[PDB]
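Those protein sequence lines, which keep their order, are chains B, h and Z. According to the deposited numbering, numbering within the first sequence proceeds without interruption in unit steps and concludes at 186. According to the deposited numbering, numbering within the second sequence proceeds without interruption in unit steps and concludes at 120. According to the deposited numbering, numbering within the third sequence proceeds without interruption in unit steps and concludes at 179. A virtual CB, placed ideally from N, CA and C, is assigned to each residue, including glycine. A short worksheet on the structure shown next.
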Amino acid sequence: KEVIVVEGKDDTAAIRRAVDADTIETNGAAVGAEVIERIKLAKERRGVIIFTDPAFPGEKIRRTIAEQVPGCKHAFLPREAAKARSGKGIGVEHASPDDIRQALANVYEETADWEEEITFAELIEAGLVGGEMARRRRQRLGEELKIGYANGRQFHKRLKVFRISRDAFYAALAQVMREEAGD
Amino acid sequence: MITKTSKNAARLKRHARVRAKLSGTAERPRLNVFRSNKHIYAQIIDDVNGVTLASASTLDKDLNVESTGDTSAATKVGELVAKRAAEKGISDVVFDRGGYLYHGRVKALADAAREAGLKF
Amino acid sequence: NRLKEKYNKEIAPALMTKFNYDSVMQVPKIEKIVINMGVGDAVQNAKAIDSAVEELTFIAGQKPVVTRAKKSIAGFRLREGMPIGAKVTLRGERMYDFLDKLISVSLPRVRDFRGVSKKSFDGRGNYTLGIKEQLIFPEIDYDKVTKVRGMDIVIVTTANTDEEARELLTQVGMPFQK
RNA sequence: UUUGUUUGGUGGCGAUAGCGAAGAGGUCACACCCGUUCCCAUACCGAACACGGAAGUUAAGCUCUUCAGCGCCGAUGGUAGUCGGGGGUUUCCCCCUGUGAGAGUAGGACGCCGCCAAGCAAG
RNA sequence: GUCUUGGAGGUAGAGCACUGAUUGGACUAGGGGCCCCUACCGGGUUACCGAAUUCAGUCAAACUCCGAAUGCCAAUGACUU
Ligand SMILES: [Mg+2]
Ligand SMILES: [Mg+2]
Ligand SMILES: [Mg+2]
């Protein structure tokens with residue numbers, strides 16, 4: 004129903020081989036004004052769910068279009084196909100259509116601009132700084148909640164502005180850190 | 001309280017000092033070299049037209065040796081750029097040192113390119 | 002060595018939570034320290050005694066490097082490139098271990114456990130110390146005949162307000178006017 | 001293969017590129033950053049310089065976006081001065097055909113112009 | 001010789017950016033003097049000397065962030081001689 008925005012024709016074919024939804028090309032990092040207007044009208048009439056690779060250009064275009072048109076829904080490559088070693092690589096052309104279906108299942112940005120309960124202090128208490136556990140657990144929890152990875156402050160910001168339960172995510176955090184411990 | 005300046009700034013100043021006393025023309029194009037915390041780069045450059053004639057770096061698709069920051073990697077990139085310059089028809093070149101010291105990594109690159117056919 | 006270990010352990014989370022910094026790299030932790038003898042006969046007219054240099058050696062990790070004069074000080078007469086006092090810089094584990102051996106013995110080697118309150122700084126993070134005293138470590142008891150052996154030890158940090166110097170020298174423990 | 005675009009390098013133009021302030025950004029790249037076994041190094045110090053490593057981080061540097069606060073550039077007109085020609089009560093002043101500043105002002109402006117590599121995209 | 005074009009140079013004039021000279025305000029710890037009491041504190045003043053600093057205002061042959069008219073040196077064209 005919504006529009007799907009992707010890098011090029013490869014991700015176009017990939018997403019079309021998974022779910023029936025109309026595609027808009029971003030053509031790399033080059034995004035135009037009229038393109039932004041097309042995204043605006045798409046979000047206004049049918050909606051749009053960004054789905055790019057968790058790489059440098061993909062994450063960059065994702066951030067730019069997110070800052071461009073608020074309220075636009077988002078999706079992320081799950082932990083399996085988001086990494087280059089799985090399938091063919093990191094590109095959407097490298098994931099499975101079922102994986103695209105899961106990404107569609109984990110669509111977010113129904114919430115955009117809320118004042119929430121995510122404390123940075125308790126967040127560093129949970130060990131999201133230094134010791135390699137910062138970035139390790141950051142990636143782990145991001146692909147756990149299917150939200151992607153980021154730096155400490157940016158990931159904290161997007162979570163603190165993303166309306167989700169706090170303590171259920173903290174229990175999931177305990178679960179994931181136990182996975183790191185071996186549980 | 002204290003402040004620490006950009007090492008790259010001092011490197012730039014020393015590079016200017018060096019380049020003050022030499023220049024690469026279309027006959028002796030200067031061979032530049034750039035060191036990073038991870039990689040190394042080299043560009044054959046003429047001055048009178050501001051053009052690059054050849055280049056090589058650890059960031060190539062080839063050179064599956066993955067220990068960039070090596071002295072050995074410097075040798076590989078040096079011989080590669082030497083071959084690239086040779087096939088393009090270049091024999092002798094002046095050679096700056098960016099602003100670094102004529103020592104292990106950069107000097108290793110220089111020697112590799114030197115024996116490989118370049119006249120310097 | 003373990004001193005700086007436990008210092009990280011405590012201070013990093015503590016000073017991060019008490020002072021909300023966006024990045025951890027902003028935590029002001031001590032970096033370098035220098036002690037200035039600055040005596041050189043104290044009048045440069047003894048012209049022969051340099052016990053200062055070797056006592057500085059074996060109270061520190063390394064040997065000092067002797068300074069010199071540059072201009073014509075009115076309070077003196079023979080001041081033209083002549084050497085006056087020395088100095089010692091150190092920032093590695095020598096720094097920390099000297100700090101520990103200081104706070105362990107010289108802090109009791111005082112005549113009064115009040116040290117000095119934070120009234121001798123430069124606003125954006127530093128600490129001078131007053132050294133007209135004589136005995137630092139009993140390493141020099143009779144070998145030294147109690148001649149004037151003062152110093153100027155200056156510890157400096159990557160801080161920006163005096164309060165940071167205060168909290169830093171407190172959390173490790175220094176005699177102030179408590 | 002060309003084209004578009006971002007970054008890193010490396011150049012050319014008088015700072016109109018500068019300072020200052022406010023912000024956004026790093027998994028690529030650049031960086032801070034982590035150690036000293038040999039290369040090498042400190043009049044002391046792996047500070048810097050060297051060599052290996054990639055734990056963390058955009059905090060700083062770096063890149064982008066805003067501001068005309070300081071600096072910078074800068075008219076038109078009008079006066080001062082003056083070449084040539086004249087007249088006067090000559091330590092100086094006046095007139096005539098030409099030239100024509102400095103200062104001040106309108107204003108401009110928080111950069112343009114190349115090459116190479118890498119990343120993505122399109123062909 | 002003239003017309004056109006390109007150069008080098010710091011005079012006339014201007015200006016205070018440098019070096020000296022200089023007027024009147026703001027402001028001063030440092031107080032000088034008065035003193036309170038100052039044996040000593042601390043305080044009105046300091047008639048500050050109030051140092052700078054700042055705000056305005058005047059000068060320079062050996063001051064210059066600027067800077068002509070003329071004259072000088074060349075060029076390649078033209079018209080005269
Ligand atoms: Mg003018
Ligand atoms: Mg005059
Ligand atoms: Mg004059």
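Status (buried if at least 16 other CB within 10 Å, exposed otherwise) for residue i
| i | result |
| --- | --- |
| residue 27/Z | exposed |
| residue 46/B | buried |
| residue 102/B | buried |
| residue 143/Z | exposed |
| residue 140/Z | exposed |
| residue 76/B | buried |
| residue 170/Z | buried |
| residue 76/h | buried |
| residue 112/h | buried |
| residue 14/B | buried |
| residue 146/B | buried |
| residue 32/h | buried |
| residue 128/B | exposed |
| residue 23/B | exposed |
| residue 169/B | exposed |
| residue 60/B | exposed |
| residue 17/h | exposed |
| residue 100/B | exposed |
| residue 73/B | exposed |
Within-8 Å CB hit, residue i to chain h
| i | result |
| --- | --- |
| residue 125/Z | yes |
| residue 35/Z | no |
| residue 159/Z | yes |
Any C-beta of chain Z under 8 Å from that of residue i
| i | result |
| --- | --- |
| residue 44/h | no |
| residue 2/h | yes |
| residue 133/B | yes |
| residue 121/B | no |
| residue 156/B | yes |
| residue 129/B | no |
| residue 153/B | no |
| residue 124/B | yes |
Cβ of residue i within 8 Å of any chain B Cβ
| i | result |
| --- | --- |
| residue 17/Z | yes |
| residue 14/Z | yes |
| residue 163/Z | no |
| residue 54/Z | no |
| residue 28/Z | no |
| residue 51/Z | no |
| residue 67/Z | no |
| residue 98/Z | no |
| residue 146/Z | no |
| residue 153/Z | no |
| residue 25/Z | yes |
Sub-8 Å separation of residue i and residue j beta-carbons
| i | j | result |
| --- | --- | --- |
| residue 49/B | residue 5/B | yes |
| residue 37/B | residue 11/B | no |
| residue 96/h | residue 19/h | yes |
| residue 45/Z | residue 85/Z | yes |
| residue 106/B | residue 79/B | yes |
| residue 1/h | residue 87/Z | no |
| residue 59/h | residue 90/h | no |
| residue 68/h | residue 39/h | yes |
| residue 26/B | residue 39/B | no |
| residue 99/h | residue 34/h | no |
| residue 97/Z | residue 4/Z | yes |
| residue 25/h | residue 51/h | no |
| residue 108/Z | residue 176/Z | yes |
| residue 37/Z | residue 157/Z | no |
| residue 124/Z | residue 153/Z | no |
| residue 121/B | residue 176/B | no |
| residue 183/B | residue 140/B | yes |
| residue 28/h | residue 94/h | yes |
**Report entry** Whole alpha helix (DSSP H) elements within the segment 89 to 168 of chain B, 4-residue minimum
**Finding:** Segments of the alpha helix (DSSP H) lying fully in the segment 89 to 168 of chain B: 100 to 108, 123 to 128, 136 to 147, 155 to 164.
**Report entry** Minimum length 4: unbroken alpha helix (DSSP H) runs contained in the segment 28 to 54 of chain B
**Finding:** 36 to 48
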